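What the coordinates show
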Amino acid sequence: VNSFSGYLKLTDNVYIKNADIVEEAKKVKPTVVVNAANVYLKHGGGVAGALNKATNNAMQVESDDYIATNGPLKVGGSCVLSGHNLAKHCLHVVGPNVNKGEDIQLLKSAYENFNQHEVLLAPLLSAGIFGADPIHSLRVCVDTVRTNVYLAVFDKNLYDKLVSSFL
Ligand SMILES: Cc1c[nH]c2ncnc(NCC(C)(C)O)c12
Ligand SMILES: [Cl-]
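**A few points about the overall build of the protein chain**
- When its secondary structure is counted, the protein chain shows six helices and seven strands.
- Along the protein chain, helices (α) and strands (β) appear in the sequence β-β-α-β-α-α-β-β-α-β-α-β-α when read from the amino end.
- In summary, the protein chain has a C-alpha radius of gyration of 14 Å against a globular reference of 15 Å for 167 residues, a match within 12%.
- The C-alpha extent of the protein chain, read off along each of the three principal axes, is 45 × 35 × 30 Å.
- Buried residues in the protein chain amount to 51% of all 167 residues.
- Sequence-distant contacts in the protein chain: of pairs separated by 6 or more residues, those separated by 24 or more amount to 67%.
- Of the roughly 8,100 Å² of accessible surface on the protein chain, 52% is carried by carbon and sulfur atoms.
- Between the mean site of the 15 positive side-chain charges and the mean site of the 15 negative ones, the protein chain shows a separation of 3 Å.

About the cut-offs
Residues numbered from 1 in each chain as written, not as in the entry; some residues may be left out. Chains lettered and ligands numbered in written order. Heavy atoms only, no water. Helix = DSSP H or I, 4+ residues; strand = E, 2+ residues; numbered from the N terminus. Rg over C-alpha atoms; globule rule 2.2 N^0.38 Å. Buried < 20%, exposed > 50% of the residue type's maximum accessible area, 1.4 Å probe, protein only. Contact = heavy atoms within 4.5 Å. Areas by Shrake-Rupley, 256 points an atom, 1.4 Å probe, with all protein chains shown as cover. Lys, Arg positive; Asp, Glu negative; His and termini not counted. Charge placed at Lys NZ, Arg CZ, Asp CG, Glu CD.

Written out as structure tokens, the structure is:
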């Protein structure tokens, strides 16, 4: 039993909710919140820009030190950093950004990072400003993640289509 509330159940392990991941994070304080990161950990917009704003830019400061030490992530890769005031940890996961021409096949690799954590709060990878079809992202999530994932979908209109079309 966990404190995630109001979710619709999709499969043995995936739950979905029309919700602002920022507001969900502050309420639940999950062990892991997933960020929709880029390889440079430049949290400018989309989910990343909003999460970073909620940390008063502490996420960006920590991220800049991470990159200065380690260099960029791989598309499909991840790193674990602090969750600041939002969660214990933030798993920064880089899905492909279609508006950069990145290969969509890497979306499965991106979701595989979730399997290293028993429970996560997350957005749909490569959705929003990364330019992938969220219906496809949800399908890859369900077919790749085996740990318990609670998906927050910000757009209510998008949320209803994912459910009604869900196979
Ligand atoms: C931008 C944002 C802020 N808080 C969020 N919580 C969940 N999903 C999000 N992004 C979804 C999409 C499809 C617009 O990228 C967000
Ligand atoms: Cl977005």
